[PDB]
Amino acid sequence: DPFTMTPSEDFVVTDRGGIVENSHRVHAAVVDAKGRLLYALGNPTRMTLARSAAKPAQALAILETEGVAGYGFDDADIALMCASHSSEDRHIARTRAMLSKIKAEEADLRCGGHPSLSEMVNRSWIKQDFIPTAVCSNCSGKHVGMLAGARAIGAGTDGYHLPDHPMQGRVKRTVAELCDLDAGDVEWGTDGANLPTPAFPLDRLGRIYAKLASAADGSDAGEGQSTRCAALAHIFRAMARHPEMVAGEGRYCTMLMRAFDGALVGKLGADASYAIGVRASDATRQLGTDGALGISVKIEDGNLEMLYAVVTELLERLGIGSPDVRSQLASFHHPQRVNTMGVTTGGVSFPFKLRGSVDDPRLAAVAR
């Protein structure tokens, strides 16, 4: 029944010859630069672990640490602070170069190695029986930045990753401020790189990225900016200018940001969250706002392949990009379902319904 559809029915579905295989619940928030909710799927205020999608906020805490500017980190270094990189040789090399800029060593890192986020890098490692180390961590740029901040303020570098260290105090305050939340409304766990990692309502992730894009708009327009806005604009520019540092070859975040050529930044969070900050455009004005826009997405069950398909579908429904721009992402939008003998067996579909654009006022949209 099309007239009683509900957020609880916002799904992405795979089929085999039209027979339902798996279904996945979708949550999404589309917000303006003040965080006002414009469109939604599912529960747009779902309490959600932002995971690596919080990295631009952590990079802001690093860059706002007094004395860090003296080290001379460049745009590509800042993009690596914002990264879940593929541990390609260039990412490892830049990690070592950043360590040298602050006169630190690999032994000072408090993150550990892991199989590469890229299948192609991991195959190269498997062939050589290579055991990844701390400098290979996908979070290595963030950790070097945290070490840099600890050094700059005269804190111990031992324990820079611990919650009671001033660098983590700065991270926690900065995240809550960008979300416009009280501290008690942000919850904290520990991530794979052994750092505090925040959870907050999903729409506030979109809000962080709308603020990134809004700051970039203000910088480009030559507006006088606060130190924080200037730093957010710098983070946006660094990500857009060096998207290969943010992920790597063949990675969604990199291909997305290259396709859009400065129009937006995007960032993956582990267990299938995603965030995009969109500079003001004809597309954002058609969506009903006079400034920048933020988008955040969570697949409830954590499936990454479905995440990238949904994010690409959502950009199409929001009219962001062109068919030609979004077509660089076609392999993510409709994932291949080809069996071992080259026969297509099924596909992906998107039975979810954006709300916010309509319906009988008696139709309740219960966030679920």
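In this text, residue numbers run from 1 along the sequence as written.
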Task: Chain break class at residue 22/residue 23 - deposited residues not modelled - done: none
TODO: Between 167 to 175 and 122 to 130, name whichever shows the higher mean Cα B factor according to the PDB entry.
DONE: 122 to 130
Open item on the list: Which is higher on mean Cα B factor in this entry, 133 to 141 or 155 to 163?
Closed with: 155 to 163
TODO: Pick out which of 79, 264, 181, 97 has the highest C-alpha B-factor in the PDB entry.
DONE: 97
Task: Residue, from 88, 187, 282, 191, that the PDB entry assigns the highest Cα B-factor - done: 282
- [ ] Taking the chain's C-alpha temperature factors as the reference, tell me which third residue 44 falls into: lowest, middle or highest.
- [x] lowest
TODO: Select lowest, middle or highest to describe the third in which the CA B-factor of residue 300 falls within its chain in this entry.
DONE: lowest
Open item on the list: Sorting by Cα B-factor within the chain, modelled residues only, which third would residue 105 end up in: lowest, middle or highest?
Closed with: highest
Open item on the list: Can you tell me whether residue 114 has a C-alpha B-factor in the lowest, middle or highest third compared with the other modelled residues of the same chain?
Closed with: highest
- [ ] Tell me, lowest, middle or highest third: where does the Cα B factor of residue 313 rank within its chain?
- [x] lowest
